[PDB]
Amino acid sequence: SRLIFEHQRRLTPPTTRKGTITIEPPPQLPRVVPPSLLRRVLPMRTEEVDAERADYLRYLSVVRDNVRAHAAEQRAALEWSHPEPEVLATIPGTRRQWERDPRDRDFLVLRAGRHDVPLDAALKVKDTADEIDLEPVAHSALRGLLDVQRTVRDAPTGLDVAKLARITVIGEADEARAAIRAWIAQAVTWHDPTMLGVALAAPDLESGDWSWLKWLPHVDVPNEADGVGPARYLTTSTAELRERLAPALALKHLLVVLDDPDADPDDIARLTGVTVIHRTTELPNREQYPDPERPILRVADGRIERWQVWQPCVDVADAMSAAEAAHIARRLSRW
Amino acid sequence: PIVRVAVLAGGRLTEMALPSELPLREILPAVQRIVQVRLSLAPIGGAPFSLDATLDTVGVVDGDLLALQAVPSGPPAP
Amino acid sequence: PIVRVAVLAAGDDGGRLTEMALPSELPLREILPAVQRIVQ
C-alpha cells in the first residue's frame with residue numbers, strides 16, 4: 001500500500017555562536033581648559049578629544065558589523081527550520097521530512113508567523129562606573145545602538161508545544177481553524193508519525209472541513225486497519241474520542257484538537273506532555289495572570305494577540321487554507 | 001490491498017479507495033456510480049492505462065490523481 | 001475538457017520544452033506535481 005522511508009541523517013544549518021559579545025564603555029568626558037586668547041592669538045584642546053571620539057566611533061562600527069553577522073546566522077537558521085506554509089507542500093518528498101529528532105534544539109516547535117525575536121545572543125557591556133560622566137557624543141551612539149541592534153526584525157516565530165499542555169484559541173470560526181490546520185500540518189510533517197499523535201472531534205468533519213485528516217498516518221493506531229483509513233480518530237463525539245484514545249492515553253506525544261467550543265472543554269486533562277487544543281467561543285476577562293502554559297490566544301486580522309492584562313505576540317500571522325491542507329495530506333500519505 | 005486516490009470527474013475531485021490488482025472494466029462502472037464511449041484511468045497528463053492492466057503493476061499508490069477520460073487510438077505519445 | 005499547452009523550465013543547463021494535455025477547470029495546486037515529475 002505504502003512505500004518505505006529510511007532514517008537518513010538530518011542536515012545541519014549553521015547554528016549560532018551563542019556567546020557573549022562584549023563592548024567597551026566609552027571615554028569619560030575629558031576636562032577641557034579655557035581656550036585663553038593670550039596663548040591662542042599667535043597667527044589638550046578640542047583637537048585631541050575629537051580624535052579620541054572618532055576612534056571610538058570607528059570601534060563601534062566594527063562591533064555593529066559583527067553583531068549583524070550574528071543576526072544573519074540566527075535568521076538563516078530560523079528560516080531553515082520553519083519554512084513558510086507553502087514550501088511544506090514540497091517537503092514530504094525529499095530526505096528532510098522526518099528531520100526533527102528529540103535531541104535537536106527545535107523539537108515540537110510549531111511556527112505561527114513572523115515578529116521580532118530578541119536575538120538570543122548576549123550583548124553585555126562591562127560598565128563599572130558609579131555614575132561617572134561619560135563623553136556625550138560617544139555614549140549617545142552606544143545607547144542608540146544597544147536598542148535597535150538587539151532585536152531581530154520580523155523572523156519566523158515559534159509556538160512551542162513541548163511545555164504548554166493546553167492551547168485555547170479565541171475568535172472567529174475559520175480564522176482559528178486556519179492557524180490550527182497550519183501548525184498542525186507543520187507539526188506532523190517534520191516529526192516521525194511513530195513519535196507523535198493527533199486527535200480530532202468535530203460535527204461536520206467530512207465537508208471540506210476536518211475531513212482532511214483522512215490520509216493522515218500520524219493519527220494512526222498500532223495494529224488496526226479500519227478498512228480504508230489509518231485510524232480515523234476523526235469523529236464528532238468527545239468522550240468517544242477519549243475512548244478511542246483511552247488505551248493510547250498513557251512517550252508518543254498526543255495532540256488532541258477540538259473544533260467544538262461547547263461539549264465539555266477541559267474534560268480529559270485538568271498530564272505529562274499530552275497537549276489539548278480547544279477553540280473557544282468567548283473569553284475570560286480577569287484571568288489570574290494566565291500562566292505562560294495553557295495560555296489564551298486571540299486571532300485578529302493578521303495578529304495572534306496573546307492575553308496579558310495587548311502584546312500582539314505576532315504581527316503577521318501564518319494562516320493556511322483548507323484545500324491546501326487537503327493537498328498536503330494527499331501528498332504525504334505516499335511514503 | 002486497497003488504495004485511496006484522488007479521482008477526477010468537470011472538477012470536484014473525489015476521495016475514493018480502490019483495490020490493487022483488479023481489471024478496470026469493473027471500476028469504470030464503480031467510478032461512474034461513485035463520482036458520476038469508454039473512459040480510462042491515468043495520471044494527470046499521462047497515457048491512459050490498459051483496461052485490463054493491474055493497478056499494482058502500473059504503479060499506482062496512495063495519494064495519486066486518477067482521471068476519467070476517453071480512450072485513445074493506440075499511440076502513447078512519448 | 002482538457003487543454004493542450006507547452007511548458008518551459010530552465011534550471012540545470014538550459015531548459016526543456018515539451019507539450020502536454022492537462023484537464024481544465026481544476027486548481028493547478030494538484031497538476032504541479034505531475035508537470036514537475038515530467039520535465040525534471
# chains A, B, ... in the order shown; residues from 1 in each chain; ligands from 1
$ interface_residues --of "chain C" --to "chain B" --cutoff "8 Å" --atoms "only C-alpha atoms" --output "PyMOL selection string"
chain C and resi 1+20-23+25-26+31+34-35
$ write_last_selection --atoms "C-alpha atoms" --output "mmCIF file, in the first residue's frame"
data_model
loop_
_atom_site.group_PDB
_atom_site.id
_atom_site.type_symbol
_atom_site.label_atom_id
_atom_site.label_comp_id
_atom_site.auth_asym_id
_atom_site.auth_seq_id
_atom_site.Cartn_x
_atom_site.Cartn_y
_atom_site.Cartn_z
ATOM 1 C CA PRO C 1 -12.478 19.346 -21.485
ATOM 2 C CA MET C 20 1.182 18.142 -22.665
ATOM 3 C CA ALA C 21 -2.580 17.984 -22.215
ATOM 4 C CA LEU C 22 -3.864 18.822 -18.755
ATOM 5 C CA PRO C 23 -7.515 18.768 -17.617
ATOM 6 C CA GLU C 25 -11.208 23.698 -14.543
ATOM 7 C CA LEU C 26 -9.020 22.402 -11.733
ATOM 8 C CA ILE C 31 -1.120 19.347 -11.517
ATOM 9 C CA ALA C 34 2.818 15.894 -12.428
ATOM 10 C CA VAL C 35 4.421 18.585 -14.590
#
$ interface_residues --of "chain A" --to "chain C" --cutoff "12 Å" --atoms "only C-alpha atoms" --output "list in words"
residues 86, 89, 90, 92, 93, 323, 324, 325, 326, 327, 328, 330 and 331 of chain A
$ closest_residue --among "B:1, B:49, B:70, B:7" --to "residue B:31" --atoms "only C-alpha atoms"
B:7
$ residues_around --residues "residue A:284" --least-positions-apart "2" --cutoff "12 Å" --atoms "only C-alpha atoms" --output "VMD selection string"
chain A and resid 168 to 170 280 to 282 286 to 290 295 to 298 307 to 309
$ write_last_selection --atoms "N, CA, C and O atoms" --output "compact mmCIF listing (two decimals), in the first residue's frame"
# COMPACT_ATOMS: atom_id res chain seq x y z
N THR A 168 -5.83 27.13 23.81
CA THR A 168 -7.22 27.53 23.64
C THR A 168 -7.27 28.85 22.88
O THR A 168 -6.97 29.92 23.42
N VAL A 169 -7.67 28.77 21.61
CA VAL A 169 -7.79 29.97 20.78
C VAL A 169 -9.15 30.60 21.00
O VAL A 169 -10.07 29.97 21.54
N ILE A 170 -9.28 31.86 20.60
CA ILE A 170 -10.50 32.64 20.78
C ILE A 170 -10.70 33.54 19.57
O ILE A 170 -9.80 34.28 19.16
N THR A 280 -12.40 28.15 21.38
CA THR A 280 -13.40 28.62 22.31
C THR A 280 -14.29 29.66 21.65
O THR A 280 -13.94 30.24 20.62
N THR A 281 -15.46 29.88 22.25
CA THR A 281 -16.34 30.94 21.79
C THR A 281 -15.93 32.28 22.38
O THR A 281 -15.65 33.24 21.64
N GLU A 282 -15.90 32.39 23.71
CA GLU A 282 -15.69 33.67 24.36
C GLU A 282 -14.66 33.55 25.48
O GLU A 282 -14.27 32.45 25.88
N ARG A 286 -10.89 38.57 33.60
CA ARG A 286 -9.96 38.87 34.68
C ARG A 286 -9.21 37.63 35.09
O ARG A 286 -9.12 37.29 36.28
N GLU A 287 -8.67 36.92 34.11
CA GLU A 287 -7.86 35.74 34.40
C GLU A 287 -6.73 36.10 35.35
O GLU A 287 -6.19 37.21 35.31
N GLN A 288 -6.37 35.15 36.22
CA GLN A 288 -5.37 35.39 37.25
C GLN A 288 -3.98 35.38 36.62
O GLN A 288 -3.12 34.56 36.95
N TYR A 289 -3.76 36.34 35.72
CA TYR A 289 -2.47 36.48 35.06
C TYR A 289 -2.07 35.16 34.42
O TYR A 289 -1.20 34.46 34.94
N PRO A 290 -2.70 34.80 33.30
CA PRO A 290 -2.59 33.43 32.78
C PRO A 290 -1.16 32.92 32.75
O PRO A 290 -0.22 33.63 32.37
N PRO A 295 -2.10 28.92 27.75
CA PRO A 295 -2.36 30.36 27.65
C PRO A 295 -3.62 30.68 26.86
O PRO A 295 -4.33 29.78 26.42
N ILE A 296 -3.87 31.96 26.64
CA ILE A 296 -5.04 32.42 25.91
C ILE A 296 -4.57 33.14 24.66
O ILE A 296 -3.62 33.94 24.72
N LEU A 297 -5.22 32.86 23.53
CA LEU A 297 -4.81 33.40 22.24
C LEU A 297 -6.03 33.92 21.50
O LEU A 297 -7.03 33.20 21.37
N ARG A 298 -5.94 35.15 21.03
CA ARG A 298 -7.00 35.78 20.25
C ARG A 298 -6.48 35.98 18.83
O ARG A 298 -5.31 36.33 18.65
N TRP A 307 -2.98 36.98 25.54
CA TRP A 307 -3.79 37.56 26.61
C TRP A 307 -2.89 37.82 27.81
O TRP A 307 -2.48 36.88 28.50
N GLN A 308 -2.60 39.09 28.06
CA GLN A 308 -1.79 39.52 29.19
C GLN A 308 -2.32 40.87 29.63
O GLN A 308 -2.02 41.89 29.00
N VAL A 309 -3.11 40.87 30.70
CA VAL A 309 -3.73 42.08 31.26
C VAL A 309 -4.75 42.68 30.30
O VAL A 309 -4.57 42.66 29.08
$ interface_residues --of "chain A" --to "chain B" --cutoff "10 Å" --atoms "only C-alpha atoms" --output "PDB file with N, CA, C and O atoms, in the first residue's frame"
ATOM      1  N   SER A   1       0.827  -1.199   0.000  1.00  0.00           N
ATOM      2  CA  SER A   1       0.000   0.000   0.000  1.00  0.00           C
ATOM      3  C   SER A   1       0.863   1.251   0.000  1.00  0.00           C
ATOM      4  O   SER A   1       0.709   2.118  -0.856  1.00  0.00           O
ATOM      5  N   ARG A   2       1.767   1.343   0.969  1.00  0.00           N
ATOM      6  CA  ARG A   2       2.640   2.496   1.112  1.00  0.00           C
ATOM      7  C   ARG A   2       4.099   2.084   0.943  1.00  0.00           C
ATOM      8  O   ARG A   2       4.475   0.927   1.129  1.00  0.00           O
ATOM      9  N   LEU A   3       4.924   3.060   0.595  1.00  0.00           N
ATOM     10  CA  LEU A   3       6.343   2.842   0.375  1.00  0.00           C
ATOM     11  C   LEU A   3       7.049   2.758   1.730  1.00  0.00           C
ATOM     12  O   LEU A   3       6.412   2.605   2.775  1.00  0.00           O
ATOM     13  N   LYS A 214      -8.040  12.453   6.753  1.00  0.00           N
ATOM     14  CA  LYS A 214      -8.248  11.120   6.210  1.00  0.00           C
ATOM     15  C   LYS A 214      -6.925  10.417   5.963  1.00  0.00           C
ATOM     16  O   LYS A 214      -6.581   9.459   6.664  1.00  0.00           O
ATOM     17  N   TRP A 215      -6.145  10.908   5.006  1.00  0.00           N
ATOM     18  CA  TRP A 215      -4.919  10.249   4.586  1.00  0.00           C
ATOM     19  C   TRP A 215      -3.803  10.367   5.606  1.00  0.00           C
ATOM     20  O   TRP A 215      -2.643  10.132   5.256  1.00  0.00           O
ATOM     21  N   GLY A 227     -10.399  -0.526   7.722  1.00  0.00           N
ATOM     22  CA  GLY A 227     -10.868  -0.623   6.355  1.00  0.00           C
ATOM     23  C   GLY A 227     -10.100   0.213   5.352  1.00  0.00           C
ATOM     24  O   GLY A 227      -9.385  -0.330   4.504  1.00  0.00           O
ATOM     25  N   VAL A 228     -10.243   1.536   5.426  1.00  0.00           N
ATOM     26  CA  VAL A 228      -9.610   2.424   4.459  1.00  0.00           C
ATOM     27  C   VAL A 228      -8.700   3.429   5.159  1.00  0.00           C
ATOM     28  O   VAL A 228      -7.593   3.707   4.685  1.00  0.00           O
ATOM     29  N   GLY A 229      -9.152   3.978   6.285  1.00  0.00           N
ATOM     30  CA  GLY A 229      -8.409   4.992   6.994  1.00  0.00           C
ATOM     31  C   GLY A 229      -7.390   4.406   7.948  1.00  0.00           C
ATOM     32  O   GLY A 229      -7.570   3.307   8.476  1.00  0.00           O
ATOM     33  N   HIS A 327      -4.381  18.936   0.067  1.00  0.00           N
ATOM     34  CA  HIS A 327      -3.335  18.503  -0.851  1.00  0.00           C
ATOM     35  C   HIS A 327      -2.088  18.088  -0.084  1.00  0.00           C
ATOM     36  O   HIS A 327      -1.348  17.196  -0.519  1.00  0.00           O
ATOM     37  N   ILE A 328      -1.873  18.686   1.088  1.00  0.00           N
ATOM     38  CA  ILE A 328      -0.757  18.283   1.938  1.00  0.00           C
ATOM     39  C   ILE A 328      -0.921  16.838   2.373  1.00  0.00           C
ATOM     40  O   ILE A 328      -0.026  16.002   2.185  1.00  0.00           O
ATOM     41  N   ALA A 329      -2.054  16.539   3.005  1.00  0.00           N
ATOM     42  CA  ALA A 329      -2.337  15.177   3.425  1.00  0.00           C
ATOM     43  C   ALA A 329      -2.206  14.211   2.268  1.00  0.00           C
ATOM     44  O   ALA A 329      -1.594  13.139   2.411  1.00  0.00           O
ATOM     45  N   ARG A 330      -2.768  14.579   1.120  1.00  0.00           N
ATOM     46  CA  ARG A 330      -2.704  13.705  -0.037  1.00  0.00           C
ATOM     47  C   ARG A 330      -1.265  13.374  -0.392  1.00  0.00           C
ATOM     48  O   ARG A 330      -0.897  12.197  -0.480  1.00  0.00           O
ATOM     49  N   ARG A 331      -0.431  14.397  -0.579  1.00  0.00           N
ATOM     50  CA  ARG A 331       0.962  14.144  -0.915  1.00  0.00           C
ATOM     51  C   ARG A 331       1.650  13.284   0.135  1.00  0.00           C
ATOM     52  O   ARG A 331       2.407  12.371  -0.213  1.00  0.00           O
ATOM     53  N   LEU A 332       1.388  13.534   1.416  1.00  0.00           N
ATOM     54  CA  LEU A 332       2.213  12.898   2.436  1.00  0.00           C
ATOM     55  C   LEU A 332       1.811  11.456   2.680  1.00  0.00           C
ATOM     56  O   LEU A 332       2.604  10.682   3.224  1.00  0.00           O
ATOM     57  N   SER A 333       0.594  11.073   2.298  1.00  0.00           N
ATOM     58  CA  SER A 333       0.186   9.691   2.538  1.00  0.00           C
ATOM     59  C   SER A 333       1.008   8.676   1.741  1.00  0.00           C
ATOM     60  O   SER A 333       0.775   7.471   1.879  1.00  0.00           O
ATOM     61  N   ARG A 334       1.978   9.127   0.936  1.00  0.00           N
ATOM     62  CA  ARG A 334       2.618   8.233  -0.026  1.00  0.00           C
ATOM     63  C   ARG A 334       3.742   7.413   0.598  1.00  0.00           C
ATOM     64  O   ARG A 334       3.896   6.232   0.276  1.00  0.00           O
ATOM     65  N   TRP A 335       4.571   8.022   1.440  1.00  0.00           N
ATOM     66  CA  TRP A 335       5.730   7.333   1.989  1.00  0.00           C
ATOM     67  C   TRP A 335       5.473   6.863   3.409  1.00  0.00           C
ATOM     68  O   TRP A 335       4.559   7.337   4.087  1.00  0.00           O
TER      69      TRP A 335
END
$ select_by_dssp --residues "chain C" --states "helix (DSSP H, G or I)" --output "list in words"
residues 28, 29, 30, 31, 32, 33, 34, 35, 36, 37, 38 and 39 of chain C
$ residues_around --residues "residue C:9" --least-positions-apart "4" --cutoff "12 Å" --atoms "only C-alpha atoms" --output "list in words"
residues 13, 14, 15, 16, 17, 18, 19, 35, 36, 37, 38, 39 and 40 of chain C
$ write_last_selection --atoms "N, CA and C atoms" --output "PDB file, in the first residue's frame"
ATOM      1  N   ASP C  13      20.776  23.227 -16.939  1.00  0.00           N
ATOM      2  CA  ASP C  13      21.656  23.591 -18.046  1.00  0.00           C
ATOM      3  C   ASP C  13      20.758  23.885 -19.237  1.00  0.00           C
ATOM      4  N   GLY C  14      20.553  25.165 -19.523  1.00  0.00           N
ATOM      5  CA  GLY C  14      19.480  25.467 -20.438  1.00  0.00           C
ATOM      6  C   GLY C  14      18.161  25.004 -19.846  1.00  0.00           C
ATOM      7  N   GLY C  15      17.252  24.606 -20.720  1.00  0.00           N
ATOM      8  CA  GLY C  15      15.925  24.211 -20.288  1.00  0.00           C
ATOM      9  C   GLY C  15      15.397  23.068 -21.116  1.00  0.00           C
ATOM     10  N   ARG C  16      14.148  22.707 -20.854  1.00  0.00           N
ATOM     11  CA  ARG C  16      13.467  21.642 -21.565  1.00  0.00           C
ATOM     12  C   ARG C  16      12.055  22.086 -21.908  1.00  0.00           C
ATOM     13  N   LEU C  17      11.669  21.900 -23.163  1.00  0.00           N
ATOM     14  CA  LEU C  17      10.328  22.233 -23.620  1.00  0.00           C
ATOM     15  C   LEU C  17       9.668  20.960 -24.108  1.00  0.00           C
ATOM     16  N   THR C  18       8.474  20.681 -23.597  1.00  0.00           N
ATOM     17  CA  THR C  18       7.680  19.553 -24.050  1.00  0.00           C
ATOM     18  C   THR C  18       6.217  19.840 -23.779  1.00  0.00           C
ATOM     19  N   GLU C  19       5.378  19.497 -24.744  1.00  0.00           N
ATOM     20  CA  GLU C  19       3.960  19.775 -24.644  1.00  0.00           C
ATOM     21  C   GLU C  19       3.302  18.866 -23.623  1.00  0.00           C
ATOM     22  N   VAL C  35       3.562  17.864 -13.660  1.00  0.00           N
ATOM     23  CA  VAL C  35       4.421  18.585 -14.590  1.00  0.00           C
ATOM     24  C   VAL C  35       5.833  18.708 -14.041  1.00  0.00           C
ATOM     25  N   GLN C  36       5.982  18.781 -12.718  1.00  0.00           N
ATOM     26  CA  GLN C  36       7.316  18.734 -12.139  1.00  0.00           C
ATOM     27  C   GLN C  36       7.965  17.380 -12.364  1.00  0.00           C
ATOM     28  N   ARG C  37       7.201  16.301 -12.203  1.00  0.00           N
ATOM     29  CA  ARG C  37       7.768  14.979 -12.404  1.00  0.00           C
ATOM     30  C   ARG C  37       8.190  14.771 -13.849  1.00  0.00           C
ATOM     31  N   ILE C  38       7.461  15.368 -14.787  1.00  0.00           N
ATOM     32  CA  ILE C  38       7.713  15.116 -16.201  1.00  0.00           C
ATOM     33  C   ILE C  38       9.059  15.694 -16.619  1.00  0.00           C
ATOM     34  N   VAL C  39       9.181  17.017 -16.571  1.00  0.00           N
ATOM     35  CA  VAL C  39      10.274  17.726 -17.226  1.00  0.00           C
ATOM     36  C   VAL C  39      11.517  17.721 -16.354  1.00  0.00           C
ATOM     37  N   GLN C  40      11.420  17.121 -15.176  1.00  0.00           N
ATOM     38  CA  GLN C  40      12.554  17.087 -14.267  1.00  0.00           C
ATOM     39  C   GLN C  40      12.913  15.654 -13.894  1.00  0.00           C
TER      40      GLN C  40
END
$ select_by_dssp --residues "stretch 5-68 of chain B" --states "strand (DSSP E or B)" --output "PDB file with N, CA and C atoms, in the first residue's frame"
ATOM      1  N   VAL B   5      -7.287   7.181  -3.688  1.00  0.00           N
ATOM      2  CA  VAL B   5      -6.716   8.054  -4.699  1.00  0.00           C
ATOM      3  C   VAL B   5      -7.679   9.200  -4.988  1.00  0.00           C
ATOM      4  N   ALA B   6      -7.111  10.299  -5.485  1.00  0.00           N
ATOM      5  CA  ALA B   6      -7.861  11.475  -5.903  1.00  0.00           C
ATOM      6  C   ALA B   6      -8.343  11.288  -7.331  1.00  0.00           C
ATOM      7  N   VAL B   7      -9.651  11.113  -7.488  1.00  0.00           N
ATOM      8  CA  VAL B   7     -10.233  10.713  -8.761  1.00  0.00           C
ATOM      9  C   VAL B   7     -11.049  11.873  -9.313  1.00  0.00           C
ATOM     10  N   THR B  14     -12.752  13.489  -6.205  1.00  0.00           N
ATOM     11  CA  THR B  14     -13.309  12.712  -5.111  1.00  0.00           C
ATOM     12  C   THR B  14     -12.222  11.963  -4.345  1.00  0.00           C
ATOM     13  N   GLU B  15     -12.603  11.486  -3.163  1.00  0.00           N
ATOM     14  CA  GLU B  15     -11.738  10.739  -2.256  1.00  0.00           C
ATOM     15  C   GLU B  15     -12.291   9.315  -2.178  1.00  0.00           C
ATOM     16  N   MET B  16     -11.732   8.422  -2.989  1.00  0.00           N
ATOM     17  CA  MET B  16     -12.221   7.056  -3.112  1.00  0.00           C
ATOM     18  C   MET B  16     -11.076   6.073  -2.905  1.00  0.00           C
ATOM     19  N   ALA B  17     -11.415   4.865  -2.437  1.00  0.00           N
ATOM     20  CA  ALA B  17     -10.449   3.799  -2.169  1.00  0.00           C
ATOM     21  C   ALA B  17     -10.686   2.666  -3.166  1.00  0.00           C
ATOM     22  N   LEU B  18      -9.602   2.141  -3.742  1.00  0.00           N
ATOM     23  CA  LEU B  18      -9.797   1.133  -4.782  1.00  0.00           C
ATOM     24  C   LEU B  18      -8.892  -0.081  -4.548  1.00  0.00           C
ATOM     25  N   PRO B  19      -9.234  -1.258  -5.085  1.00  0.00           N
ATOM     26  CA  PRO B  19      -8.331  -2.415  -4.980  1.00  0.00           C
ATOM     27  C   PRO B  19      -7.034  -2.185  -5.743  1.00  0.00           C
ATOM     28  N   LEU B  39     -14.257   5.276 -20.841  1.00  0.00           N
ATOM     29  CA  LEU B  39     -13.235   6.086 -20.199  1.00  0.00           C
ATOM     30  C   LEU B  39     -12.097   5.199 -19.710  1.00  0.00           C
ATOM     31  N   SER B  40     -11.092   5.833 -19.109  1.00  0.00           N
ATOM     32  CA  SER B  40      -9.961   5.097 -18.562  1.00  0.00           C
ATOM     33  C   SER B  40      -9.302   5.928 -17.474  1.00  0.00           C
ATOM     34  N   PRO B  43      -2.598   8.985 -14.853  1.00  0.00           N
ATOM     35  CA  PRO B  43      -2.130  10.153 -14.112  1.00  0.00           C
ATOM     36  C   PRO B  43      -2.307  11.396 -14.965  1.00  0.00           C
ATOM     37  N   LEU B  65      -3.433  10.938  -8.489  1.00  0.00           N
ATOM     38  CA  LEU B  65      -4.500  11.630  -9.198  1.00  0.00           C
ATOM     39  C   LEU B  65      -4.890  10.769 -10.393  1.00  0.00           C
ATOM     40  N   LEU B  66      -6.085  10.191 -10.348  1.00  0.00           N
ATOM     41  CA  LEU B  66      -6.574   9.316 -11.404  1.00  0.00           C
ATOM     42  C   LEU B  66      -7.786   9.947 -12.074  1.00  0.00           C
TER      43      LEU B  66
END
$ decode --residues "stretch 207-220 of chain A" --atoms "C-alpha atoms" --output "mmCIF file, in the first residue's frame"
data_model
loop_
_atom_site.group_PDB
_atom_site.id
_atom_site.type_symbol
_atom_site.label_atom_id
_atom_site.label_comp_id
_atom_site.auth_asym_id
_atom_site.auth_seq_id
_atom_site.Cartn_x
_atom_site.Cartn_y
_atom_site.Cartn_z
ATOM 1 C CA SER A 207 -17.396 18.646 4.439
ATOM 2 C CA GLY A 208 -14.068 20.009 3.270
ATOM 3 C CA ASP A 209 -13.630 20.661 6.982
ATOM 4 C CA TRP A 210 -11.577 18.427 9.296
ATOM 5 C CA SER A 211 -12.104 15.548 6.872
ATOM 6 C CA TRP A 212 -8.608 16.210 5.534
ATOM 7 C CA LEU A 213 -7.129 14.068 8.319
ATOM 8 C CA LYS A 214 -8.248 11.120 6.210
ATOM 9 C CA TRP A 215 -4.919 10.249 4.586
ATOM 10 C CA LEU A 216 -3.085 11.009 7.824
ATOM 11 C CA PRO A 217 -0.841 8.235 9.209
ATOM 12 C CA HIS A 218 0.130 10.419 12.179
ATOM 13 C CA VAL A 219 -3.383 9.840 13.556
ATOM 14 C CA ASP A 220 -2.779 6.089 13.140
#
